[PDB]
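This is the structure I want to talk about, given as structure tokens.
Every residue, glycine among them, receives a Cβ derived from its backbone with ideal geometry; neighbour counts consider all protein chains shown. Just so it is clear, none of the values below were taken in a lab; they were calculated from the coordinates.
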Ligand code: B12
Ligand SMILES: [Zn+2]
């Protein structure tokens, strides 16, 4: 109700113009119209000399019934006006083409979208530094706002850091005129699954949630039939309203003019589909479309009631490349802290000379390890961390595939890191260590610069040891953090000191109890929040084996008491399912200091002095276990020393198929059951996956293939998935039986899969999933594959897949199924190949 363009978008669906390319390419402006010999061919040079010609292109879409019009602003930026010195006065031009667009639109009332391009220079590939783009956007955009546009479009953006500096620049441009508006970023896309920079469709939206921009959208995409996947994930998933502008397919240059072949009738179908089915709040197509496209869309599709989108995006964070969900509640998020020179010293060996190529290895090795947010701190004696942080992020921001956390000390890095990082991060600036003043500005920086914080229970006083003062952390910060400083519970972690218990003092001995009772007392009221604990530090000032075991049983009760994330190094925990029965009883009553009969601490230490060979390279009691348990335990701890030899022993006893029917389905499944019960954590499940992954590569060559030319079969996972364990075997028994095969990767969004249909023209296509949300994606595939008129065999499965939300799909598509096992997958391939008795009905 506060803004006319949101009154429009919330009510009903409206249409954007075509662009002025194919339209200025049809006016035959001749070089005197550039006003100078050196200003060749420059739109945004014409705005000075020939206002009447661009007014002619403006009014053409207005006569053809458009409802949103771009200003000319494709060049409104210093570093692209000056590209051949073509006039430094951006503001002028911006108030010029905004006035030219208003002069045309005023009788019609169609919305003036101050509508930029992306500029010629990118932040994220290091073509330019943030100040030189932020300056250009900052000075330009205030002339558009002075020009009285109904909103700004930062449209066609090519990089999320280019979005960030453009949004910061547009905000500081509008705010220094005393205003703000429902501004609209919109993003390009490429068939690689991504923007041009490598940003995927999840990273785009997960980043764009962090921003007050009430509208988001797409632009300069390659046509509706290629935009559909992207428009999907945006329209059904986002809170902020979505809009659509395909460039009419793909270009073809004639006589120096770009021209297309998508028709006004076809663009009427595609918006008629998208607007009521998916809910797209505004529509059009700009580059490559005449005024007839927008007319034929306006008559068919304009004024339809704009459909609602959901009240919440999940708990999320985003790198350049990919999103991550912030709340796991199973396989709790692991946070990597090895990028630390102040709470650790590994970082300090590699980063000392300024060797940035070395700090990136220390970042990426923690993801392979298992941690999917990294925590960074370069602070040290006799070194300026805020200058170091210039150098540090110049490598990390475009190298690391996972989001960031920031243990670095000065809140001035809170600003400089948020001026060199893409996406959405978190920061450990809420250490309440310099008091409430410093905290409220830290919580403001968290969002004034997009999105970045973690609560830490350090404070002006120090490390909360008594719980009343510890829950008074959450009382001081959280409420004003979410409800005065913008980051949701689902945008934050929460962290409790994890101080040493094991020094043996009657101060220290109980303290893991303090953390578990608090943690619980805190999830007690923190739903959605990823509780994050620095597990490594509970066991400090004692022998290292008692560090693995106490850290382990602390962490693995912490999930049951309410944990969802942890700051970890996987070398300094083990799983609670491994722990010897006496050692587990010891470790619990040590975590409680529930002492009777003997003291738990010196009982513990003397337990490890008595049981030295148990939690080591055990030459006997572990070896004496039956191989199915031994493999179960290798899958639980991630034991690999002799893993090759125990799988060789299993393969000596039984055939691979009998082994994969056995422990290489069953023992994993038991690890999965124990994992669902909380008896394990992410890096141990990653050790289980790595065990399988390795094992399948040893099982497949002995289970050797036969036959040739049997058919063409491709396989495909689904959007939002990370698993491909099932997938691999779902494929494998089909790959073993003479069919030509192509494999699609772990997370493939659908237009890549359908391009593989269109290019390969196979006899069969795999679909797949190992988790619940694959089912929801199955229906999204099948409903639209039908709307495109496909008839190809696509096969459907997954740990989760179940006939109850699958046989009903037979209605939507003529190829619904559930091979459960890849041996049925082969029997079903032979049916749809015509080799076997089709019985599928
Ligand atoms: C190993 C594992 C992981 C691995 C996966 C790596 C990998 N590449 O596989 C990793 C550690 C990366 C992982 C990640 C996650 N996981 Co996980 N994972 C597991 C686990 C233990 C085993 C999965 C397994 O491999 N099963 C064995 C394979 C062989 O069996 P299958 O998948 O069922 O395959 C059979 C049939 O399903 C069929 N089939 C499967 N696909 C298809 C397709 C077609 C077309 C056909 C006809 C047949 C078919 O064929 C096979 C028989 O041959 C499961 C537990 C479980 N219940 O299985 C959880 C589990 C799937 N994970 C879970 C969760 C919680 C997560 C994460 C959210 C954890 C996190 N990061 O916080 C993420 C998800 C990340 C993401 N973006 O997707 C939950 C999901 C529950 C839910 N309802 O959402 C599960 C079910 C466990 C649980 N109980 O919490 N996990
Ligand atoms: Zn465009």
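Among the listed residues 712, 727, identify the single one that is more than 23 Å from residue 224 (Cα to Cα), crowded, with 19+ Cβ neighbours inside 10 Å and in contact (Cβ under 8 Å) with a residue 40 or more places away in the chain.
Exactly one of 712, 727 is more than 23 Å from residue 224 (Cα to Cα), crowded, with 19+ Cβ neighbours inside 10 Å and in contact (Cβ under 8 Å) with a residue 40 or more places away in the chain, namely 727.
Right, here's the next one. Might you check whether a residue that is in a loop (DSSP other than H, G, I, E, B), out of contact with any helix residue (DSSP H, G or I) (no Cβ under 9 Å at 6 or more places or on another chain), more than 12 Å from ligand 1 (Cβ to nearest atom) and farther than 30 Å from residue 205 by Cα occurs anywhere in the stretch 679-698?
Scanning the stretch 679-698, I find no residue that is in a loop (DSSP other than H, G, I, E, B), out of contact with any helix residue (DSSP H, G or I) (no Cβ under 9 Å at 6 or more places or on another chain), more than 12 Å from ligand 1 (Cβ to nearest atom) and farther than 30 Å from residue 205 by Cα, so the answer is no.
Results for (1) within 20 Å of residue 15 (Cα to Cα); (2) surrounded by fewer than 22 Cβ atoms within 10 Å (Cβ to Cβ), shown as yes or no for each residue.
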site	(1), (2)
221	yes, no
226	yes, yes
239	no, yes
283	yes, no
294	yes, no
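State whether one or more residues within the stretch 818-835 are part of a helix (DSSP H, G or I), under 30 Å from the mean Cα position of the chain (by Cα) and loosely packed, with under 15 Cβ neighbours inside 10 Å.
no
Still on this structure, I have one more. Please work out which residue is farthest from the chain's Cα centre (by Cα), limiting yourself to the stretch 241-255 and to residues that are under 18 Å from residue 285 (Cβ atoms) and surrounded by fewer than 18 Cβ atoms within 10 Å (Cβ to Cβ).
252
Hey, another quick one. Here is a list: 737, 781. Which entry is in a loop (DSSP other than H, G, I, E, B) and touching a helix residue (DSSP H, G or I) at 6+ places or on another chain (Cβ under 7 Å)?
After ruling out the rest, the residue left standing is 737.
Hey, can you tell me all the residues within the stretch 184-205 that are in a strand (DSSP E or B) and either away from ligand 1 (no atom under 16 Å from the Cβ) or surrounded by fewer than 20 Cβ atoms within 10 Å (Cβ to Cβ) (or both)?
184, 187, 190, 194
Among the residues of the stretch 348-367, is there at least one that is within 20 Å of the chain's Cα centre (by Cα) and within 21 Å of residue 229 (Cα to Cα)?
No: zero hits.
Looking only at residues that are in contact with a helix residue (DSSP H, G or I) (Cβ under 8 Å, 6 or more places away or on another chain) and part of a strand (DSSP E or B) in the stretch 367-382, which one is farthest from residue 413 (Cα to Cα)?
It comes out as 374.
For the stretch 783-824: of the residues being in contact with a strand residue (DSSP E or B) (Cβ under 8 Å, 6 or more places away or on another chain) and closer than 23 Å to residue 758 by Cα, which is farthest from ligand 2 (Cβ to nearest atom)?
So, considering only residues that are in contact with a strand residue (DSSP E or B) (Cβ under 8 Å, 6 or more places away or on another chain) and closer than 23 Å to residue 758 by Cα, the one farthest from ligand 2 (Cβ to nearest atom) is 817.
Residues that are more than 16 Å from ligand 2 (Cβ to nearest atom) and surrounded by 17 or more Cβ atoms within 10 Å (Cβ to Cβ): find the helices (runs of 4 or more DSSP H) completely inside the stretch 16-100 holding 3 or more of those.
The helices (runs of 4 or more DSSP H) meeting that bar are 46-49, 51-63.
How many residues are within 13 Å of residue 691 (Cβ to Cβ) and in a helix (DSSP H, G or I) if we restrict to the stretch 610-653?
14
Restricting to the stretch 163-183, give me the number of residues that are out of contact with any helix residue (DSSP H, G or I) (no Cβ under 7 Å at 6 or more places or on another chain) and either within 16 Å of ligand 2 (Cβ to nearest atom) or assigned to a helix (DSSP H, G or I) (or both).
Number satisfying all stated conditions: 5.
Take residue 208 and tell me if it is farther than 20 Å from residue 780 by Cβ and buried (at least 19 other Cβ atoms within 10 Å of the Cβ).
So residue 208 passes the test.
Another question, then. If the Cβ limit is 9 Å and pairs must be 6+ apart or interchain, which residue in the stretch 110-124 that is without any contact (Cβ under 8 Å) to a residue 24 or more places away in the chain pairs with which residue that is crowded, with 24+ Cβ neighbours inside 10 Å and outside any strand (DSSP E or B)?
That search, which allows pairs on different chains as well, returns nothing.
Any chance you could count how many residues in the stretch 127-162 are part of a loop (DSSP other than H, G, I, E, B) and closer than 17 Å to residue 214 by Cβ?
Qualifying residue count, the stretch 127-162: 4.
Sticking with this one: Consider the stretch 511-536. How many of its residues are surrounded by 19 or more Cβ atoms within 10 Å (Cβ to Cβ) and more than 25 Å from residue 331 (Cβ to Cβ)?
Summing the residues that are surrounded by 19 or more Cβ atoms within 10 Å (Cβ to Cβ) and more than 25 Å from residue 331 (Cβ to Cβ) in the stretch 511-536 gives 1.
With respect to residue 398, is the statement that it is without any contact (Cβ under 8 Å) to a residue 40 or more places away in the chain and either under 19 Å from the mean Cα position of the chain (by Cα) or not in a strand (DSSP E or B) (or both) true?
no
Would you point out the residue of the stretch 654-666, among those that are in contact (Cβ under 8 Å) with a residue 24 or more places away in the chain and part of a loop (DSSP other than H, G, I, E, B), that is farthest from the chain's Cα centre (by Cα)?
Ranking the candidates gives 655 first.
Another question, if that's okay. Identify all residues within the stretch 269-290 that are under 13 Å from residue 16 (Cα atoms) and away from ligand 2 (no atom under 16 Å from the Cβ); write none if there are none.
Within the stretch 269-290, 271, 280, 281 qualify.
Which members of the stretch 779-803 meet the condition of being under 18 Å from residue 821 (Cα atoms) and either more than 13 Å from ligand 1 (Cβ to nearest atom) or surrounded by 14 or more Cβ atoms within 10 Å (Cβ to Cβ) (or both)?
793, 794, 795, 796, 797, 798, 799, 800, 801
Also, I was wondering about something else. Please enumerate the residues belonging to the stretch 241-252 that are more than 11 Å from residue 186 (Cβ to Cβ) and more than 12 Å from ligand 2 (Cβ to nearest atom).
241, 249, 250, 252
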